[PDB]
Each structure stands twice: as C-alpha cells, then as structure tokens.
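Those letters in the sequence shown? Residues 11 to 126, 129 to 275, 282 to 342, by UniProt numbering. Beta carbons: idealized from backbone N, C-alpha and C, even for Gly. Step one of this worksheet: look at the structure below.
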Amino acid sequence: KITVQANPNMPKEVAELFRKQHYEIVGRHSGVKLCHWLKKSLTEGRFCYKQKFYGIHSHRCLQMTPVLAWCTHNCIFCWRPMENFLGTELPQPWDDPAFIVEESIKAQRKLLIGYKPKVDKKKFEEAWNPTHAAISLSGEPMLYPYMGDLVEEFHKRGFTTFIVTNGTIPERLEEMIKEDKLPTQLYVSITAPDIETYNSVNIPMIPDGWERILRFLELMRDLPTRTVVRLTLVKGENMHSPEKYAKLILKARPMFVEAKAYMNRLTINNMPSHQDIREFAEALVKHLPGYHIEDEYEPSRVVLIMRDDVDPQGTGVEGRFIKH
C-alpha cells in the first residue's frame, strides 16, 4: 500500500490523461513511469541496448522527470498524452529536490506492485531498489531550476544519474557546471541538422532555440562527465545532411554519439530500418575525424559511435562503460 504525495499543477483533465497512460504523478509538476522496456525484462529476461552500450541495467532504472508537461518544443515524434505541451516554463510553486526523489522512489514501487507470476524474482527485487535515475520521461527536464541539486539528491541515495535534454536551456548547464553538480551521464538530443528541419520537426515554442542548442553544445566541450549526442532519426524528415550533423557533434566533441531510429502526422513508414541507421551511421562517421563506429543493437535499430580516445574496456569519464 504505497502512497504518493501529489497535487498536479495543471488542468485536472490533463492530469487524468497522464494517469491513463500509466504515469504516476509526483508533487505539483513531476512524474514517474515504468520503462516501456522493463516489462519484458522482468518477465522475459530481456536486455536493453543501454546495457550493451554502457553497462546500464535498465531494470534498475527509475525513469522520471521533474518537468511533466512543459517543454520548449512541440516535436512531431514527441509522445505526450495531450495535444501540445502546456507552456515553455515550469510554473511555480516548485517542489524541492529531496521531496521529488523520495516520492519518485515511492512512485516507482507503487507502479511495481502491479506485478508481484511469470515474473523473475531476484530481478524484481532489484527493480524495487533502482540505482539509475533516468531523468528523461517527458517535457524538458532542464526547465527545473534545481536540476544540479536534484542530481545530488539522487547521488546521496546511491543512484547514478542520466539526463536527457533537448539542449534549449544552456543556462541550467552553466549553473550545474558552476556549482559542479553534473550528472553521471549527460545526453543532448539532436533531431535537426538545419534550421528548416529544426522548425518542421521540433516545432519550437521559443524563438531562439537553435542558438540556445548551439550554446549548449559549446558548453559540453571538455565537460567533466560522460557525454552523449543522440540523434533520433525519422525517415523522410531528418535523415539528411549527415555532414551538418557532424559539425554540431564536433562543437561538443561528446564521448559518444547514438544514431537511433525513431520507433500524429507520423506514419509507420517514417520508421527507418536498422539497415538505414547503419548506413546513416557510416555516412556520418566519415565526417567525424577521431571517432569510429563502436557497436550496434539491431533490436533497437541503434548504432553507437565513440570517440577514439575512449577505452572500449574502461569505465568512467574515459571508458565506454559506467563505473561498475
């Protein structure tokens, strides 16, 4: 009988929409949801590509966001129970970091209860005690003013952290850098190689997103933590100008680059084949001096490019894998 403190700072109708999609709301503006993946992992011994790529055990990932319904993009491949996001900023009052982490852990368990049957036993126990905080559910998490501190809160309770951002909020990165509160691994999602594609695919709600993204990339160079540039590829929408993507990538010189297939305006044929991704990956690596194709995972049609000076058998800020 777990209970989560909550009082959704949004129209009740919206809040109900999140619930029907199985999100567990936290506080005024956050939420938790079980990895789409996680089910088959607990019941079928399934693995995730993040495990193959970085040594991350997805079944011990607590997937959440401190910015549930606000974002700076209304992207065409962005799932959100409602029509468009509610706005470009996190409305106040803002919940504090410790409360968010605590309640999120309770939310995670509450959702887990919906299990135990055909379920693995030792694994369920580990999912009940997550060690990876995936800050990438929905919305634009960097809109939360206290990201740095949120990261520390997770770290104090032994989690390693992973932030996924669309990069339109460089000031939050400058702040985390300044107060030295960086996550274990930082991902910036890039879905457009040029300004026109950026508008038609991301559908910006702010006017200066492109320059903010350019700044974000520049702030990632030599960043003292694990870095990733993730490209979500949509057939017929953004799989072009690989040389332009390389330039964006090069401004940040991330440790890793993921060429990932995208899997509302978007048809089922907008989904590229794994073979399409391999091709795009090859075309891309050709424009990235000092990088090479390091691995792939066909089941998720994703290919991994890694910077040459990163050790394929190491861990940490200079190795392929997360500290054991």
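A residue is called buried once 16 or more other Cβ atoms fall within 10 Å of its Cβ, and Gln118 is buried on that count. Residues of the same chain with a CB within less than 8 Å of the CB of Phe171, apart from the 5 flanking positions on each side, are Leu72, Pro142, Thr143, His144 and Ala145 in chain order. By the 16-neighbour rule on beta-carbons within 10 angstroms, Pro254 is buried. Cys85 sits away from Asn288, with the two beta carbons spaced by 9 Å or more.
Remark: C-beta atoms of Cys88 and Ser68 do not approach each other more closely than 9 Å. DSSP places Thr143 in the coil class of the three-state scheme, outside both helix and strand.
Distance check between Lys11 and each of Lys50, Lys120, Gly55 and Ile66 places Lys120 closest, using alpha-carbon atoms only. Closest by C-alpha distance to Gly124, out of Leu100, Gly337, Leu48 and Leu229, is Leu48. In this chain, the beta strand (DSSP E) harbouring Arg338 covers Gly337 to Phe339.
When beta bridges are read from the DSSP output, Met324 appears opposite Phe268 and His310. Of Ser114, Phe109, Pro107 and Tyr64, the smallest CA-CA separation from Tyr33 is found for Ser114.
Taking a contact as a CB-CB distance under 8 Å, the pair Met217 and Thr333 does not count as one, their CB atoms being some 39 Å apart. Within 10 angstroms of the beta-carbon of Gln331 lie fewer than 16 other beta-carbons, which makes it exposed. Closest in alpha carbon position to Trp104, among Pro157, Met20, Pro153 and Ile323, is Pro157. Looking at the DSSP output, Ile35 shares a beta bridge with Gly41. Annotation for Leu185: the continuous alpha helix (DSSP H) segment containing it runs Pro182 to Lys190. In this structure, the straight-line span from the alpha carbon of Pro91 to that of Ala16 is close to 18 Å. Taking 9 Å as the cut-off, the Cβ atoms of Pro76 and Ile35 do not count as close. In this model, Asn178 and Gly37 are separated by some 24 Å (Cα to Cα). Distance from the CA atom of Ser148 to the CA atom of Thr239, rounded to whole angstroms, is 15 Å.
Looking at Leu27, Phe166, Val14 and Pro205, the one whose alpha-carbon comes closest to that of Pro195 is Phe166. Here the alpha carbon of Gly65 sits roughly 33 Å from the alpha carbon of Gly221.
Between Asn250 and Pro317, the gap from beta carbon to beta carbon reaches 9 Å or more. Linking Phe228 to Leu185 through their CA atoms gives a straight-line distance of about 7 Å.
Sequence-distant Cβ neighbours of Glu112 in its own chain, meaning closer than 8 Å and more than five residues away, do not exist here. A straight-line Cα-Cα distance of about 26 Å links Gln31 and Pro290. The three-state secondary structure of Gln102, taken from DSSP, is coil.
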